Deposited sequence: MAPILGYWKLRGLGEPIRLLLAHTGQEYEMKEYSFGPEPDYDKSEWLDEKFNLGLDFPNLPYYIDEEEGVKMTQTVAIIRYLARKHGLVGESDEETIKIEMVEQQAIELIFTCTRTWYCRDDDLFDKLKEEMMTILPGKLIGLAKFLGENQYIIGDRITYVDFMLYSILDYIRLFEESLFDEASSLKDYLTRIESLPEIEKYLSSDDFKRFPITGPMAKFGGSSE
């Protein structure tokens, strides 16, 4: 069976795990745990990192012996599963929109892990994010999903990162309420609800120590 490896955190793994849930794909989850305080050693990972046949060793990774796939890179992993489950654009027009939003999503990840991993930084996130969330609200418009009536991989990516931000400071979404309905639309998908109601599910931690 396919293996998804990652830390015991939501982090970058979650959008992938949400996609696997929605699609019903069987996979084994290989979770690597950090060390005790304040060591926080990554040995569980570092001792295996270079021995898994990965071209660019890193977390997350995705392995499927049957298909001959050993992969790293979150966007590349989720793009791979999306094309395997038809969660991609059916037109270049759609694909343009999807890939803009993919990159807009990662732009929020990138400048959130610059703040979370900072008095002057958290002050600066607060000034920027509102305009970015307004942009996304204006893009979603009255659509059920970011690209329209059909759910695509980019909805899972957007879900995770917007949740992270909501948990950080909900006040930011005050000027973008549509997203809260969007986050609920996604939370109400049958397999996502079942994933979010697991015993294994833990909204925290999202990032490491």
item	value
Regions of the deposited sequence not represented in the model	1, 119 to 124, 217 to 225
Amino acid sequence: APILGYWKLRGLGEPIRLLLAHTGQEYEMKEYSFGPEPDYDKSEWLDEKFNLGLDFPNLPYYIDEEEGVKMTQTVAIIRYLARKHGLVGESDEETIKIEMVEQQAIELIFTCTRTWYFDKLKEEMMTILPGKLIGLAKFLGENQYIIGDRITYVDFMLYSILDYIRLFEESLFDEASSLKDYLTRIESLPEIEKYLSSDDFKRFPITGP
From here on, numbers count along this sequence of modelled residues.
{"property": "Higher-B stretch (mean Cα B-factor, as the entry records it), 156 to 164 or 173 to 181", "result": "173 to 181"}
{"property": "Per the entry, higher mean C-alpha B factor between 130 to 138 and 105 to 113", "result": "105 to 113"}
{"property": "Peak C-alpha temperature factor (PDB record), options 31, 55, 28, 39", "result": "39"}
{"property": "Third assignment of residue 6 from its chain's C-alpha B-factors", "result": "lowest"}
{"property": "Within-chain third of residue 123 by Cα B-factor, per the entry", "result": "highest"}
{"property": "Residue 35 - which third its CA temperature factor falls in, relative to the rest of the chain", "result": "highest"}
